[PDB]
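Descriptive analysis of the structure
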Amino acid sequence: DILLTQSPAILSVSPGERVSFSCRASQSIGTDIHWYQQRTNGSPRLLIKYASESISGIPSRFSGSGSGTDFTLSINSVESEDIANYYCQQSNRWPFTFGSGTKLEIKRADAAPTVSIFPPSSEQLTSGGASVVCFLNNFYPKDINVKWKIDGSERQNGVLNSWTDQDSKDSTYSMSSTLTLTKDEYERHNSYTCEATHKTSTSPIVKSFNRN
Amino acid sequence: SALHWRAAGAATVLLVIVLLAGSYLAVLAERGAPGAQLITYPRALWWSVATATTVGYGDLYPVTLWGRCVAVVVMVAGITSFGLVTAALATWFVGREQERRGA
Amino acid sequence: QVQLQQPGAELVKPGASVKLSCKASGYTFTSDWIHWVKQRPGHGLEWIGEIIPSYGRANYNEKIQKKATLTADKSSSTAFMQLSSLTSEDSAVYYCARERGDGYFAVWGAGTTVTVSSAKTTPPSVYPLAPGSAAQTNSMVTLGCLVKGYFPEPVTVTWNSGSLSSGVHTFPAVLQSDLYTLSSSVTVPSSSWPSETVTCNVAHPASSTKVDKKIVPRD
Ligand SMILES: CCCCCCCCCO
Ligand SMILES: [K+]
Ligand SMILES: [K+]
Ligand SMILES: [K+]
Ligand SMILES: [K+]
Ligand SMILES: [K+]
Ligand SMILES: [K+]
Ligand SMILES: [K+]
């Protein structure tokens, strides 16, 4: 079966720049290669067919080239919406085959996170639960830590985090820290804080709230 | 409208139907066979025309048994139709040469 | 219009079997092949097999352990993939695409998330998330809603039934003791709230339960 090698697996480029993805076939396949785009949680989308033929509805930014065993999918002037995973697929010999994929990544200017803390809702409390949510949004680079301090004393139990892949609206990242305590455990404590240490500020960005 | 010109005609149309059903049946028969290349209609059709005229470039060919059967039928329809035309041309030339002789 | 329609999700216990569907609409031909691609979380795409509706023949990717079985239904314009005797390995998003005999997939279905566990279905719980009094706001205000205690994935979270897109962030779920949990975030101008409504729509296909939840200021 034909094998399409897509390397590098990840590509890091600065805005407006030109970028090129490679696809290599085990053997000559003519121009029977096709490119697909797949953003976070989306389905694949045809970008280029037969290596160079353009598809309608696709920005004139995308263009492909190659023939034989080496194919390239270029983007003239990268941009946030272009952040995703790209795959190549061949129609030369049965069965059709897919590439391992390549993730595009943009490198923008540093951005400090926008912290936000939220007190558990009454609908949840009414059910023996209390989740204090904290959002660290639109930052860059993606490296960042979140410290939870209850009544001045740091906390580590019940804290579940979640990070988002680079956003396709502005090329940044976002995280979500959630501390899940019971109504009780929640009842016997006053202030909950959420500290965020990020490359843009030596001093940790904090946000708190008192149960009263 | 003489027979020989009707058969030729009837043979050209029939050839076109075989070419088409050929491209179709070819893909249907070839998909599923690893390494097979006769697997998309557009080229399967070019494959047909090349086989019917018997030019056979070899850039495309069936590798499965059914594909090959479809191949044999396409070849034959092609040879028979093209031979039916040259036959119509000989009936024309022969009958007209009679005229130029009086008979 | 959406040419291929697939069921948001399906739950299955080990050893069991499910039958997925893909109803097509638009310009149908006889040359049309419907394909099935499998995508495990984080990994890439993987061709499973193909079927030609008009003739009814199907081919499968022989490189992998054969679990699928394809069939079609002319009249209704629906293709079916019968996956049987599954394991944890068989759970992922399964797409179907339409190929017009020319090699490339011009259109894809939204895909169907398939989970293989014993844990039973559990509709989600949407809890509001409005700031706290001391929270001094500025030009922009951030609101959000917590969806937890659900199973299995996925869940689709919208803001104002789609009219609100710019500013949304929906964090990936976290699995803790057979129950996923996630939070979505919206950011509109401070002024616009709460003068204007801001509701979080939360659809959860595995339990057929789409629910709304307005986000208003606290007591
Ligand atoms: C004349 C040859 C029969 C038509 C091709 C049938 C292919 C069936 C698939 O295996
Ligand atoms: K010849
Ligand atoms: K020849
Ligand atoms: K030849
Ligand atoms: K030759
Ligand atoms: K040759
Ligand atoms: K050769
Ligand atoms: K001859």
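Residues numbered from 1 in each chain as written, not as in the entry; some residues may be left out. Chains lettered and ligands numbered in written order. Heavy atoms only, no water.

Structure determination for this entry, per the PDB record, employed X-ray crystallography and reached 2.50 Å resolution.

Under the PDB entry, the name given to chain C is monoclonal antibody, heavy chain, and the source organism is Mus musculus.

Chain B is annotated in the PDB entry as Voltage-gated potassium channel of Streptomyces lividans. UniProt's Subcellular location comment on chain B is quoted here verbatim: "Cell membrane". Under the Sequence similarities heading, UniProt states for chain B: "Belongs to the potassium channel family." (UniProt positions renumbered as here; feature names shortened; annotations may be inferred.)

So, the overall build of chain C
Check the secondary structure of chain C and you find one helix and 18 strands. Residues counted as buried form 48% of the 219 residues belonging to chain C. Carbon and sulfur atoms make up 51% of the accessible area of chain C, which amounts to about 10100 Å² in all. The distance from the centre of the 18 positive side-chain charges to the centre of the 15 negative ones in chain C is 4 Å. (Helix = DSSP H or I, 4+ residues; strand = E, 2+ residues; numbered from the N terminus. Buried < 20%, exposed > 50% of the residue type's maximum accessible area, 1.4 Å probe, protein only. Areas by Shrake-Rupley, 256 points an atom, 1.4 Å probe, with all protein chains shown as cover. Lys, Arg positive; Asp, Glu negative; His and termini not counted. Charge placed at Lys NZ, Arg CZ, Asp CG, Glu CD.)

Description of the site of ligand 1
As a matter of local geometry, ligand 1 sits amid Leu 25, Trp 66 and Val 70 of chain B together with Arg 57 of chain C. Each of chains B and C places residues near ligand 1. Here an oxygen atom of ligand 1 sits 3.0 Å away from a polar atom, N or O, in the side chain of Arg 57 of chain C. If ligand 1 stood free it would expose 350 Å²; the protein chains cover 70% of that surface. Its residues assigned to classes, the shell around ligand 1 shows three nonpolar, no polar and one charged. (Near = heavy atom within 4 Å. Polar contact = N/O pair within 3.5 Å; in protein donor to acceptor, adjacent residues only side chain to side chain. Nonpolar A, V, L, I, M, F, W, Y, C, P; charged D, E, K, R; others polar.)

Concerning the domain arrangement of chain C
All names here are of chain C. Domain annotation for chain C reports domain 1 (1-118) and domain 2 (119-217). A C-alpha centroid distance of 31 Å is found between domain 1 and domain 2. Listed as interface residues are seven residues of domain 1 and, on the opposing side, eight residues of domain 2. Taking both sides of the interface into account, the surface hidden between domain 1 and domain 2 amounts to around 620 Å²; carbon and sulfur atoms contribute 63%. The interface formed by domain 1 and domain 2 includes zero salt bridges. Our count for the contact surface shared by domain 1 and domain 2 stands at two residue pairs in polar contact. Looking at the side of domain 1 that touches domain 2, the elements that each hand over two or more residues are β2 (9-12) and β11 (112-116). (Domains from an automatic or database assignment. Contact = heavy atoms within 4.5 Å. Buried area = accessible area lost by both parts, 1.4 Å probe. Salt bridge = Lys/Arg side-chain N within 4 Å of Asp/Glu carboxyl O.)

Here's the deal with the state of the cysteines
Under the counting rule described, the total for this entry stands at four disulfides over all chains. Two residues, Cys 134 of chain A and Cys 194 of chain A, share a disulfide whose sulfurs are 2.0 Å apart. Looking down the S-S bond of the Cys 134 of chain A and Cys 194 of chain A bridge, the torsion is -90°, so its handedness is left-handed. Taken together, the residues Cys 134 of chain A in strand β13 (residues 130-139) and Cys 194 of chain A in strand β18 (residues 191-198) connect sequence positions 60 residues apart. Overall, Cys 134 of chain A belongs to the buried group, its relative accessible area being 0%. Here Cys 22 of chain C pairs with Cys 96 of chain C through a disulfide, and the sulfurs are 2.0 Å apart. Between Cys 22 of chain C and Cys 96 of chain C, the disulfide has an S-S torsion of 85° and is therefore right-handed. Of this pair, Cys 22 of chain C sits in strand β3 (residues 17-24) while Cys 96 of chain C sits in strand β9 (residues 93-99), and the two are 74 residues apart along the sequence. The buried category is assigned to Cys 22 of chain C, whose relative accessible area is 2%. Residue classification places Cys 96 of chain C among the buried residues on the basis of a relative accessible area of 0%. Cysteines bonded in chain C are numbered consecutively along the chain; their disulfide partners then correspond to 1-2, 3-4. (Disulfide = S-S within 2.5 Å.)

Some details on helix α2 (residues 41-52) of chain B
Under the 1.5 Å per step criterion, the end-to-end length of α2 of chain B is 16 Å for 12 residues, consistent within 8% with the ideal 16 Å. Looking only at α2 of chain B, the buried set comprises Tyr 41, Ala 44, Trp 47, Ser 48, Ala 50, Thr 51 and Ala 52 of chain B. Looking at the packing, one finds that the buried side of α2 of chain B touches α1 (3-30) and α3 (65-99) of chain B together with β4 (33-39) and β5 (46-52) of chain C. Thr 54 of chain B, located one to two residues past α2 of chain B, shows a positive phi value of around 65°. (Expected span 1.5 Å × (residues − 1).)

Observations regarding the pattern of salt bridges
Two side chains that carry opposite charge are able to pair once their charged atoms sit near each other. In this structure the tally under the stated criterion is 21 salt bridges over all chains. For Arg 43 of chain B, the salt bridge is made with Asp 32 of chain A, and the minimal N-O distance between the two is 2.7 Å. Here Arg 43 of chain B is found in helix α2, whereas its partner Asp 32 of chain A is found in the loop between β3 (18-25) and β4 (33-38) on a different chain. For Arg 43 of chain B, a relative accessible area of 23% puts it in the partly exposed group.

Points about a nonpolar patch on the surface
All names here are of chain B. A grouping of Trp 5, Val 85, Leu 89, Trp 92 and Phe 93 is seen on the molecular surface, where their side chains present a nonpolar patch of about 470 Å² in accessible area. In this fold, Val 85 is placed in helix α3. Given the relative accessible area of 31%, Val 85 is considered partly exposed. (Patch = residues over 30% accessible without salt bridge, like charges linked within 9 Å, V, L, I, M, F, W, Y side chains within 5 Å.)

Structural notes on the sheet that holds strand β7 (residues 70-73) of chain C
Residues and elements named next belong to chain C. The sheet built from four strands is open, its strands ordered β1-β3-β8-β7 with antiparallel pairing. The open sheet has two free edges, formed respectively by β1 (4-5) and β7, since each of these has just one partner strand. Pairing of β7 with strand β8 (residues 78-84) involves four bridges; the strand directions are antiparallel. Looking across to β8, one finds that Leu 70 is bridged to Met 81. (Pairing = 2+ DSSP bridges.)

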